[PDB]
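The structure appears below as structure tokens.
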Amino acid sequence: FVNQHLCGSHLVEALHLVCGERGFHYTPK
Amino acid sequence: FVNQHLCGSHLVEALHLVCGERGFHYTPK
Amino acid sequence: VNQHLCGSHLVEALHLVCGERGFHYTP
Amino acid sequence: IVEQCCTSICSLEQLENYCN
Amino acid sequence: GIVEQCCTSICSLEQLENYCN
Amino acid sequence: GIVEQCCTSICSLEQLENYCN
């Protein structure tokens, strides 16, 4: 598991990093 | 306002903040 | 300043205001 | 909100309300 | 969704990857 | 896509809103 909760910009930027060139989709639910 | 220059995380976070509850989809292209 | 960088500057400001808490879209 | 702070100047107190 | 998984709860790298395009 | 529109060129709010879900 990841080490911490990821909320808001922290979660958006985690997805941004992890998904890289594939890109991602974010729905705040 | 005038058109904006947005790259990298600034662009991703702009989309986060603009789209709000709708969420967004991001592909770096 | 460069009005084309307002959004960019806003995101930078939120980063420094909220520091390590992170931020979200609603107040 | 990008609309408000780029159609005006936003204070510190207003930015803090967006923090997690 | 990903907020419930990763913000309310604690998630995994695999769960984050499920939201890559 | 949005990078070409907002990083290579400069883009409007309406163009960002096109990438909302």
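Numbered from 1 within each chain, the chains take letters A, B, ... in sequence-line order. Computation of the quantities below employed the complete heavy-atom set of this structure, encompassing side-chain atoms and omitting hydrogens, waters and symmetry-equivalent molecules.
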Derivation and outcome, side-chain contact (heavy atoms from CB on, under 4.5 Å), residues B:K29 and F:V3: CA-CA 5 Å; B:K29 83 199 191 82; F:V3 178; 5.6 Å; no
First locate atom [atom1] of [X], then atom [atom2] of [Y], and finally report the distance between them rounded to the nearest 0.5 Å.
{"X": "E:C20", "Y": "A:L15", "atom1": "SG", "atom2": "CG", "value": "7.0 Å"}
{"X": "B:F1", "Y": "D:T7", "atom1": "CZ", "atom2": "OG1", "value": "7.0 Å"}
{"X": "E:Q5", "Y": "E:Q15", "atom1": "CD", "atom2": "CD", "value": "5.0 Å"}
{"X": "E:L16", "Y": "A:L11", "atom1": "CG", "atom2": "CG", "value": "6.5 Å"}
{"X": "A:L6", "Y": "E:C7", "atom1": "CG", "atom2": "SG", "value": "8.0 Å"}

Hydrophobic cluster identity match, D:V2 and D:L12, side-chain contacts under 4.5 Å: yes
A:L17 reachable from E:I2 in the ILVMFWY side-chain graph, under 4.5 Å edges: no
Ring-ring centroid check B:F24 C:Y25, cutoff 6.0 Å: no
Any side-chain donor near an acceptor of the partner, B:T27 and E:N21, under 3.5 Å: yes
Side-chain H-bond candidate by donor/acceptor type, A:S9 with B:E13, under 3.5 Å: no
Heavy-atom neighbours of F:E14 CD exceed 12 at 6.0 Å: yes
More than 12 heavy atoms from other groups under 6.0 Å of CD on D:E3: yes
Donor-acceptor pair, [X] side chain versus [Y] backbone, under 3.5 Å?
{"X": "D:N17", "Y": "C:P27", "answer": "no"}
{"X": "A:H5", "Y": "E:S9", "answer": "yes"}
{"X": "B:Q4", "Y": "C:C6", "answer": "yes"}

Beyond-backbone contact of A:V18 with E:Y19, side-chain heavy atoms, under 4.5 angstrom: no
Parallel, tilted or perpendicular: rings of B:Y26 and A:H16 (30°, 60°): perpendicular
side-chain contact (heavy atoms from CB on, under 4.5 Å) between D:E16 and C:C18, intermediate numbers included: CA-CA 6 Å; D:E16 287 194 348; C:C18 306; over 6 Å; no
